[PDB]
Amino acid sequence: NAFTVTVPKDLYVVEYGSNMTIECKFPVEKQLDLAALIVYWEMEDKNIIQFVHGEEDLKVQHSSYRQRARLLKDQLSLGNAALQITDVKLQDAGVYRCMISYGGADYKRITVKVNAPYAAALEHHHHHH
Amino acid sequence: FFXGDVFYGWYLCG
């Protein structure tokens, strides 16, 4: 089977101010070959995290993500590229792409929607026809 | 994103 990146789901609904972890899975047969693995997460035109030769390149990460966005590295040997972003903001809503090279290469898109703090209380404020 | 041809065509940064 061709090299395929999978997503557990393609839409995350997250609360403003929470921490979110979004995931892309890739095939790893036995032990992970870190020399081979390249991971890049992007949203809009912003570098969220790139990972190559076993390390994150934080000098290329967009400044809005400093101290906020990382890969859960220990998940990579399980074939899981798990991006955690702390203290989610309204402007974190949008379309994210995970790009993975591990011999073969593929990518997926994930949408994030962010609920503001009073969204639940106001859900039934005023419905319309 | 700046790595030669890696992911060329898939990203917007740069």
Side-chain angles (χ1 to χ4, degrees), chain A residues 2-7 10 22 24 26 33-65 69 71 81 83 85 91-92 94-108 110-112, chain B:
Chain A
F3 181 86
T4 307
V5 168
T6 73
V7 291
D10 73 359
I22 66 174
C24 289
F26 63 100
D33 178 350
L34 267 174
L37 180 63
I38 311 172
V39 178
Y40 179 43
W41 286 95
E42 189 177 76
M43 74 87 74
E44 302 167 2
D45 63 349
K46 300 177 183 137
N47 183 309
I48 309 168
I49 198 66
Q50 71 189 49
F51 184 91
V52 63
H53 290 352
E55 300 185 90
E56 294 170 339
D57 292 345
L58 297 176
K59 294 175 180 179
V60 320
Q61 176 178 68
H62 190 275
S63 60
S64 65
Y65 302 115
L71 290 169
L83 170 69
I85 296 180
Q91 61 268 21
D92 294 318
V95 179
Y96 291 69
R97 283 165 297 314
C98 63
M99 288 157 277
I100 304 177
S101 172
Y102 187 62
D106 193 22
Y107 74 93
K108 290 295 193 290
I110 296 169
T111 300
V112 173
Chain B
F1 180 71
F2 298 92
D5 287 4
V6 176
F7 308 146
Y8 191 88
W10 294 350
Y11 61 87
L12 297 179
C13 191

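In what follows, chains are A, B, ... by sequence order, proteins preceding strands, each numbered from 1.
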Participant: State, to 0.1 Å, how close A/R97 and B/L12 come at their nearest heavy-atom pair, and which atoms those are.
Facilitator: NH2-CD1, 4.0 Å
Participant: In Å and rounded to the nearest 0.5 Å, what is the CD to CZ distance from A/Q50 to B/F7?
Facilitator: 9.5 Å
Participant: Decide if atom CD of A/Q91 counts as having more than 12 heavy atoms of other residues, nucleotides or ligands within a radius under 6.0 Å.
Facilitator: yes
Participant: Quick check on ring-ring contact (aromatic ring centres under 6.0 Å, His included): which of A/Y107, A/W41, A/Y40 does B/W10 satisfy it with?
Facilitator: A/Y107
Participant: Who passes side chain to side chain donor-acceptor pair (under 3.5 Å) against A/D45, sequence neighbours left out?
Facilitator: none
Participant: Determine, stepwise, if the pair A/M99 / B/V6 fulfils side chain to side chain contact (heavy atoms under 4.5 Å, CB included).
Facilitator: CA-CA 9 Å; A/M99 288 157 277; B/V6 176; over 6 Å; no
Participant: Quick one: CD1 on A/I38 to CZ on B/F1, what's the gap to the nearest 0.5 Å?
Facilitator: 6.5 Å
